[PDB]
Each structure stands twice: as C-alpha cells, then as structure tokens.
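final-v1.cif (mmCIF, C-alpha atoms and all ligand atoms) appears below.
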```
data_protein
loop_
_atom_site.label_atom_id
_atom_site.label_comp_id
_atom_site.auth_asym_id
_atom_site.auth_seq_id
_atom_site.Cartn_x
_atom_site.Cartn_y
_atom_site.Cartn_z
CA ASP B 1 -14.95 -9.78 2.07
CA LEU B 2 -13.85 -12.86 4.01
CA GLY B 3 -10.54 -14.11 2.59
CA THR B 4 -7.11 -14.45 4.15
CA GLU B 5 -3.61 -14.70 2.74
CA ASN B 6 -0.97 -16.36 4.90
CA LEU B 7 1.45 -13.43 5.43
CA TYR B 8 4.26 -15.73 6.53
CA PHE B 9 4.03 -17.78 3.31
CA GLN B 10 4.24 -14.76 0.98
CA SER B 11 7.07 -13.26 3.02
CA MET B 12 9.15 -16.36 2.25
CA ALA B 13 8.24 -16.20 -1.47
CA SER B 14 9.19 -12.53 -2.07
CA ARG B 15 12.97 -12.95 -1.88
CA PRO B 16 14.73 -10.81 -4.48
CA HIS B 17 17.97 -9.62 -2.80
CA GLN B 18 16.88 -5.98 -3.12
CA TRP B 19 13.85 -6.21 -0.81
CA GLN B 20 15.94 -7.52 2.11
CA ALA B 21 16.55 -3.88 3.12
CA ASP B 22 12.86 -2.93 2.85
CA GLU B 23 11.65 -5.09 5.77
CA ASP B 24 14.03 -3.57 8.32
CA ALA B 25 13.22 -0.09 7.01
CA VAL B 26 9.43 -0.51 7.42
CA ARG B 27 9.96 -1.65 11.04
CA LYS B 28 12.40 1.24 11.61
CA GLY B 29 10.06 3.77 9.91
CA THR B 30 12.63 4.81 7.32
CA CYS B 31 11.18 3.11 4.23
CA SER B 32 10.17 5.36 1.31
CA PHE B 33 9.25 5.02 -2.36
CA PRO B 34 9.03 7.66 -5.13
CA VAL B 35 5.48 7.57 -6.49
CA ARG B 36 2.70 9.24 -8.42
CA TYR B 37 -0.50 9.41 -6.35
CA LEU B 38 -3.49 8.77 -8.63
CA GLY B 39 -6.22 9.41 -6.02
CA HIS B 40 -8.94 7.65 -4.01
CA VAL B 41 -11.96 5.79 -5.38
CA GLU B 42 -15.15 4.15 -4.13
CA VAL B 43 -14.87 0.35 -4.24
CA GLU B 44 -17.51 -2.28 -3.40
CA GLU B 45 -15.09 -4.47 -1.37
CA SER B 46 -12.51 -4.40 1.43
CA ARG B 47 -10.25 -6.74 -0.57
CA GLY B 48 -9.66 -8.03 -4.11
CA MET B 49 -6.71 -8.26 -6.50
CA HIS B 50 -9.03 -7.37 -9.40
CA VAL B 51 -11.06 -4.87 -7.31
CA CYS B 52 -7.89 -2.77 -7.13
CA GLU B 53 -7.09 -3.11 -10.83
CA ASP B 54 -10.55 -1.70 -11.54
CA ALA B 55 -10.08 1.26 -9.19
CA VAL B 56 -6.74 2.00 -10.92
CA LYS B 57 -8.36 2.04 -14.37
CA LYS B 58 -11.10 4.39 -13.10
CA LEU B 59 -8.48 6.94 -12.05
CA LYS B 60 -6.23 6.32 -15.06
CA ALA B 61 -9.29 7.13 -17.21
CA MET B 62 -10.15 10.19 -15.06
CA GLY B 63 -7.16 12.52 -14.53
CA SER B 64 -1.69 12.73 -10.93
CA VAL B 65 0.70 14.10 -8.30
CA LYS B 66 4.47 13.54 -7.86
CA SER B 67 5.06 12.49 -4.24
CA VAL B 68 6.90 10.14 -1.86
CA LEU B 69 5.05 7.23 -0.18
CA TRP B 70 6.37 6.37 3.29
CA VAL B 71 5.77 2.95 4.87
CA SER B 72 6.00 2.29 8.62
CA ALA B 73 4.48 -0.23 11.04
CA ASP B 74 2.05 2.48 12.26
CA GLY B 75 0.82 3.91 8.94
CA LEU B 76 1.32 5.06 5.37
CA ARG B 77 2.08 8.68 4.46
CA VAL B 78 2.20 10.53 1.14
CA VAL B 79 4.18 13.80 0.99
CA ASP B 80 3.90 16.22 -1.97
CA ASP B 81 7.15 16.72 -3.94
CA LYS B 82 6.28 20.25 -5.09
CA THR B 83 5.02 21.73 -1.81
CA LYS B 84 6.24 19.09 0.70
CA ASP B 85 2.67 19.14 2.07
CA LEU B 86 1.41 16.00 3.85
CA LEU B 87 -1.31 14.70 1.50
CA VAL B 88 -2.27 11.41 3.18
CA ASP B 89 -1.83 10.07 6.71
CA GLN B 90 -3.56 6.66 6.69
CA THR B 91 -3.36 4.50 9.79
CA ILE B 92 -2.22 0.91 9.24
CA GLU B 93 -4.96 -0.55 11.47
CA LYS B 94 -7.80 0.64 9.19
CA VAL B 95 -6.09 -0.59 6.01
CA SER B 96 -7.94 -3.69 4.86
CA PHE B 97 -5.92 -4.94 1.89
CA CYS B 98 -3.17 -4.03 -0.58
CA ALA B 99 -1.83 -5.39 -3.87
CA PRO B 100 0.14 -4.71 -7.06
CA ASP B 101 -1.43 -4.87 -10.54
CA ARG B 102 -1.39 -7.75 -13.07
CA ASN B 103 -1.45 -5.34 -16.06
CA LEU B 104 0.18 -2.17 -14.64
CA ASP B 105 3.56 -3.34 -13.26
CA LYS B 106 4.39 0.01 -11.62
CA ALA B 107 0.89 0.23 -10.07
CA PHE B 108 0.24 -0.21 -6.34
CA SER B 109 -2.97 0.35 -4.37
CA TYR B 110 -4.56 -0.31 -1.00
CA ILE B 111 -8.16 -0.45 0.26
CA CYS B 112 -9.36 1.12 3.50
CA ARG B 113 -12.56 1.69 5.48
CA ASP B 114 -13.70 5.24 6.22
CA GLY B 115 -16.30 5.05 9.00
CA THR B 116 -17.46 8.66 8.58
CA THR B 117 -18.14 8.33 4.84
CA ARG B 118 -19.29 4.70 5.35
CA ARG B 119 -17.50 3.33 2.28
CA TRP B 120 -14.51 1.28 1.10
CA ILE B 121 -11.91 3.56 -0.45
CA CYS B 122 -9.04 2.50 -2.70
CA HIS B 123 -5.83 4.56 -2.92
CA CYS B 124 -3.82 4.02 -6.09
CA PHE B 125 -0.18 4.82 -6.89
CA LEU B 126 2.25 4.52 -9.79
CA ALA B 127 5.81 3.88 -8.62
CA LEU B 128 8.48 5.90 -10.44
CA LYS B 129 11.65 3.87 -9.80
CA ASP B 130 10.18 0.56 -8.48
CA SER B 131 7.68 -2.17 -9.31
CA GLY B 132 4.19 -2.19 -7.81
CA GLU B 133 4.84 -5.50 -6.03
CA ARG B 134 7.94 -4.20 -4.26
CA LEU B 135 5.73 -1.56 -2.59
CA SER B 136 3.06 -4.12 -1.68
CA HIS B 137 5.68 -6.32 -0.06
CA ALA B 138 6.71 -3.30 2.02
CA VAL B 139 3.11 -2.66 3.17
CA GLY B 140 2.72 -6.37 3.96
CA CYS B 141 5.72 -6.01 6.28
CA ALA B 142 3.78 -3.21 7.94
CA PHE B 143 0.70 -5.49 8.27
CA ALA B 144 2.95 -8.10 9.89
CA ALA B 145 4.77 -5.62 12.16
CA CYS B 146 1.45 -4.16 13.27
CA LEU B 147 -0.17 -7.52 14.16
CA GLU B 148 3.03 -8.55 15.96
CA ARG B 149 3.10 -5.41 18.15
CA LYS B 150 -0.63 -5.65 18.87
CA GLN B 151 -0.03 -9.20 20.18
CA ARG B 152 2.61 -8.08 22.71
CA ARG B 153 0.43 -5.12 23.78
CL CL B 201 -5.58 -11.83 0.93
CL CL B 202 9.77 -4.98 16.22
#
```
Can the structure from this file be put into structure tokens for me?
Amino acid sequence: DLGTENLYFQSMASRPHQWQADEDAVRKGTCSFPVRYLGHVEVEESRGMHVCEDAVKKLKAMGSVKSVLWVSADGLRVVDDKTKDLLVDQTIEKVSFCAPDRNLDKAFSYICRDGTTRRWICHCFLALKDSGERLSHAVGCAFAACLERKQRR
C-alpha cells in the first residue's frame, strides 16, 4: 500500500533506556534477539499493523523453531539454535514493513516482496526474552541506516 511513517518521529518516541544500546548494535551489525520463528505466510499487502497480526494468527493456528534473529543495516538473519543452520537471509532493501502485535506482546513480524513467487510474504517471530516492539525498533534502525547509506552512495 501507500502509507508512510515518519521514522525520525518514532525514533524519538521509543526511548526506554534499554534500547539505547540496540541502535548502535544494528549499525555495527552486532544486534541479536532470542526468538521463535513461526514461519512465512501469504499476505495481501506490503504493509499493515493488522495485516501482520492476521498472518501471526494464521501460523499460531497452524503449527515453531528456536533460533536467534540478527539485525544489521544490510539485512535480517535467522540462525537455528539446534543445528546452527542459517534459516533466513533476508535483504533489508526488499523488506517493505515491520511491526509488533497489539494482542501478542512478544510477537514481531515483517513483510517482504518475493519477485520470483510474485507475492507479499510475512515472516513472524515470538521473542523469548524481549517484547515484540523492542525488535521492531531495532529493524526500524536498520531501515534508517539503510536509507542513510543509500543517500551517501
Ligand atoms: Cl508505516
Ligand atoms: Cl553509519
């Protein structure tokens, strides 16, 4: 869809003195979060706070993998805890939108376009030690860092 959040505005709002460390970590490619990867789902939109919520409830009603979600300015990565296998390597430039969940506080998801499959694909998570919004803030820092480096280049 067409719809744009002011990234600067929401950066200034999200100021718990725990997330101060997250921003410098995302830029320095060291930022990680313990998660449970729910899976990917077809979604009818590139963005939507409720569109995500839906996609989460699809998977939560379907049937999860212990992993670590890594957040850098170049992309998001999910590494398996059991096998240490790289499960997901999603580039930050083809990520459309991300958001936490109004009704699942540990939930975090992001939408992305896959040009080969020609569809919008959500990717849901349940954080183990953190809140869903903490993760989303981290990925927003990526969105910012990306745009900022693309402007210099
Ligand atoms: Cl938005
Ligand atoms: Cl930088």
**Request:** Let me have all residues with an atom within 8 Å of ligand CL 202 (chain B), counting all atoms listed in the file, laid out as a list in words.
**Result:** residues 27, 145, 148 and 149 of chain B
Could you list, with a cut-off of 10 Å and counting only C-alpha atoms and all ligand atoms, the residues of chain B near ligand CL 201 (chain B), each shown with its nearest atom pair and the distance in Å rounded to one decimal, rows sorted by chain and ascending number, as JSON lines?
```
{"residue": "B:1", "atom": "CA", "partner": "B:CL201", "partner_atom": "CL", "distance": 9.7}
{"residue": "B:2", "atom": "CA", "partner": "B:CL201", "partner_atom": "CL", "distance": 8.9}
{"residue": "B:3", "atom": "CA", "partner": "B:CL201", "partner_atom": "CL", "distance": 5.7}
{"residue": "B:4", "atom": "CA", "partner": "B:CL201", "partner_atom": "CL", "distance": 4.4}
{"residue": "B:5", "atom": "CA", "partner": "B:CL201", "partner_atom": "CL", "distance": 3.9}
{"residue": "B:6", "atom": "CA", "partner": "B:CL201", "partner_atom": "CL", "distance": 7.6}
{"residue": "B:7", "atom": "CA", "partner": "B:CL201", "partner_atom": "CL", "distance": 8.5}
{"residue": "B:47", "atom": "CA", "partner": "B:CL201", "partner_atom": "CL", "distance": 7.1}
{"residue": "B:48", "atom": "CA", "partner": "B:CL201", "partner_atom": "CL", "distance": 7.5}
{"residue": "B:49", "atom": "CA", "partner": "B:CL201", "partner_atom": "CL", "distance": 8.3}
{"residue": "B:96", "atom": "CA", "partner": "B:CL201", "partner_atom": "CL", "distance": 9.3}
{"residue": "B:97", "atom": "CA", "partner": "B:CL201", "partner_atom": "CL", "distance": 7.0}
{"residue": "B:98", "atom": "CA", "partner": "B:CL201", "partner_atom": "CL", "distance": 8.3}
{"residue": "B:99", "atom": "CA", "partner": "B:CL201", "partner_atom": "CL", "distance": 8.9}
```
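Minimum atom-to-atom distances from B:42, B:81, B:89, B:105 to residue B:133 were compared using all atoms listed in the file, and the lowest value belongs to B:105.
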**Message:** What's the separation between atom CA of residue B:92 and atom CA of residue B:23, in Å to one decimal place?
**Reply:**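 Atom CA of residue B:23 lies 15.5 Å from atom CA of residue B:92.
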**Within 12 Å of residue B:147 using all atoms listed in the file, minus same-chain residues under 6 positions, as a PyMOL selection string** = chain B and resi 7+73-74+92-93+140-141+153
So that I have them on file, write out the residues from the current selection with C-alpha atoms, as a PDB file, in the coordinates of the input.
```pdb
ATOM      1  CA  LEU B   7       1.450 -13.430   5.430  1.00  0.00           C
ATOM      2  CA  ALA B  73       4.480  -0.230  11.040  1.00  0.00           C
ATOM      3  CA  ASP B  74       2.050   2.480  12.260  1.00  0.00           C
ATOM      4  CA  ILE B  92      -2.220   0.910   9.240  1.00  0.00           C
ATOM      5  CA  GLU B  93      -4.960  -0.550  11.470  1.00  0.00           C
ATOM      6  CA  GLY B 140       2.720  -6.370   3.960  1.00  0.00           C
ATOM      7  CA  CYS B 141       5.720  -6.010   6.280  1.00  0.00           C
ATOM      8  CA  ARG B 153       0.430  -5.120  23.780  1.00  0.00           C
TER       9      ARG B 153
END
```
Find the residues of stretch 9-43 of chain B that sit at most 10 Å from stretch 109-113 of chain B; for each, write down the nearest two atoms and how far apart they are in Å, to one decimal. Count all atoms listed in the file. Sort by chain, then by number going up, and give it as a tab-separated table.
```
residue	atom	partner	partner_atom	distance
B:37	CA	B:109	CA	9.6
B:38	CA	B:109	CA	9.5
B:39	CA	B:109	CA	9.8
B:40	CA	B:111	CA	9.2
B:41	CA	B:111	CA	9.2
B:42	CA	B:111	CA	9.4
B:43	CA	B:111	CA	8.1
```
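Atom CA of residue B:35 to atom CA of residue B:66 spans 6.2 Å [interatomic distance, one decimal].
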